[PDB]
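Listed next as C-alpha cells is one chain, alone, in the form deposited in one PDB entry.
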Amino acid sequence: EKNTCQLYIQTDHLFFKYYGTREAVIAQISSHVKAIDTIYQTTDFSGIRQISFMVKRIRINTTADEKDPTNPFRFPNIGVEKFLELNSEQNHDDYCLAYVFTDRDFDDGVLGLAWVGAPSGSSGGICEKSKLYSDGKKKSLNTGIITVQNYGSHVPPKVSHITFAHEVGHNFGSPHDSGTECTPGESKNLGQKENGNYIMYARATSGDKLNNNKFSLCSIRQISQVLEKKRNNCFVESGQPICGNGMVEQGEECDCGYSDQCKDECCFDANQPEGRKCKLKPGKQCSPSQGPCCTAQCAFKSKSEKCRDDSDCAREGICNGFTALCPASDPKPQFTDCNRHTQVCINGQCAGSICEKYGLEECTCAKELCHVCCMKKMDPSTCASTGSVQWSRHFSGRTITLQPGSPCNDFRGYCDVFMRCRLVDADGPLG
C-alpha cells in the first residue's frame, strides 16, 4: 500500500557546471532515481515488495546562484559533514527524503553522506521531521548528499547510481556490510569473490560485478525493520505522477514546475486548474522540459543540431527536428579503449577493465597498486603486469596505470594523482 517514498532532489552550481545545461542535469536526476527505483522494487524486504521512489520536486541551481549572498552552497571549499548539514537545515516535512547532488572532491574518498535510520531509539534516516536538535538548529535529518567527483575525476553513472543507493540504504536504516556472509569480495573462495561485495560495502566499489547491484542479507533485515516501523508515517500509495516536479512523465505534455519555479512561457505551471496544468500552451510545439531538442522559444531544433556530445563509446546525438526529445545515440564497437586506455566498453558504457579486451581479467598487482595487472580467467597464478613479457603480444610492454579515483587493492581504497592506493576507513568516538 504505502510503499513509495517521495523524494526532493537538489543540485548545486558545481553539478550544473559539469553537465552544462538544466536539461542535462535533469536527465541525470531522472536516471539516478530510475536506478534506485529498480534496485529497491526487485528487493524482497521480508515480504515487503515493490518499494519504489518518486520525485516530488526539484531545484536546479545554475552558476548564476553562486553570486547569491544568501546561498550557503556557493563556497567552493565545503566539508562533506557541513555540506550535509546545509541540506539538513532546510524544512523537508513535505518529502520522505531530500537529496542534494554536487560535483565536489571530498577528502578521504567520500562519495556521499547521509543519516542512518533506525526503528527506534535514534533520530535520522528516512522520514524525519524538522525539529530542534542538540546543536540548536532546526534540522531535517531525512537528508543525504552525493558527489560525482573523486580525486579530481568524474565517476561513471554506473558507480554514481550505486553510490546513490548506498546512501539511501543508510536512510533505510542499513549500516555497512560486515562479515564474510555479507562481503564476498574478501572471501577466500574464487566463486564468491567474482560476484563482488554488495551495495552497502563500506569501501570502494566498481559496479561491474554481480552483487554490487543488490543488497545483502545483512542489509535486507536491517531495512525491513525500518520499513515496518517508519514507512507508514510518510509513504504514499502508488498513484499517477504529480504535476510540477519538473520532469515530463506519462500523461503530461510538459512540466516546468509550480508558480514560484516555472520560468517557461510555453507551459502552464502546476498552479493552473485541472485540464491545463502541465499541458502545452497554445501556439507552442515543445518545452525545454521535454528534452534538449527544443529551444527556449519553444520551437523544434533543426536536424543538424547536436544534442548529446561524443562520449567514449556513445556517438553524437543529433536531433530529428520533429520531437523535443533526443534519439538514443548509437554505441561504438565493444572492447574499445575508454577512460584513457584503462577500461573497455561493455554494452555502450565504459566499464570493466582493459584486460577484457584480450580475454583476460583484472587482478591486483604484487607503489604498483595503481598499475593494471591482468590474469587469465579462473587462474590467479597468471596475474602479471601489462608491461610484462607474458602479455607482451597484447600490451607490448606498456604499463597501464589506473586513473585517479579508481578502485585498488581488492576494493580497499582509491588511487590518487600520485599513484597511491589510499584506504577509506574512518572511525570516530560515540557519545
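Start at 1 and count along the sequence shown; that's the residue number.
- Where coordinates are absent for parts of the deposited sequence, a chain break appears; between neighbours residue 366 and residue 367 it spans 4 to 9 residues.
- Stretch comparison (396-404 versus 48-56) by mean CA B-factor in the PDB entry places 396-404 on top.
- Relative to one another, 405-413 and 21-29 have unequal mean CA B-factors, and 405-413 is the one with the higher figure.
- Highest CA B-factor among 308, 230, 284, 263, as stated in the entry: 263.
- The residue among 221, 166, 139, 341 whose C-alpha atom has the highest B-factor in the PDB entry is 341.
- Per the deposited record, the Cα B-factor of residue 379 falls in the highest third when ranked against the other modelled residues of its chain.
- The deposited CA B-factor of residue 313 belongs to the highest third of values across its chain.
- The deposited CA B-factor of residue 200 belongs to the lowest third of values across its chain.
- In the PDB entry, residue 41 places in the middle third of its chain by CA B-factor.
- Annotation for residue 88: C-alpha temperature factor in the lowest third relative to the rest of the modelled chain, per the entry.
Quick note: we don't show the form deposited with a small molecule bound, though the next part is all about it.
- With the partner omitted from this view, the residue of 118, 110, 325, 307 that lies near the small molecule in the bound PDB entry is 110 [heavy atom within 4.5 Å].
- Proximity to the small molecule in the bound PDB entry, taken as a non-hydrogen atom within 4.5 angstroms, holds for one residue of 158, 281, 277, 176, which is 176.
- The stretch that touches the small molecule in the bound PDB entry, counting heavy atoms within 4.5 Å, is 165-173, out of 268-276, 165-173, 234-242, 187-195.
- Taking the partner from the other structure, the small molecule in the bound PDB entry has no heavy atom within 4.5 Å of any heavy atom of residue 230.
- Shown alone here, residue 351 lies farther than 4.5 Å from the small molecule in the bound PDB entry, counting heavy atoms only.
- Residue contact with the small molecule in the bound PDB entry: residue 114 places a heavy atom within 4.5 Å of it.
- Although the partner is absent here, residue 201 lies within 4.5 Å of the small molecule in the bound PDB entry, judged by heavy atoms.
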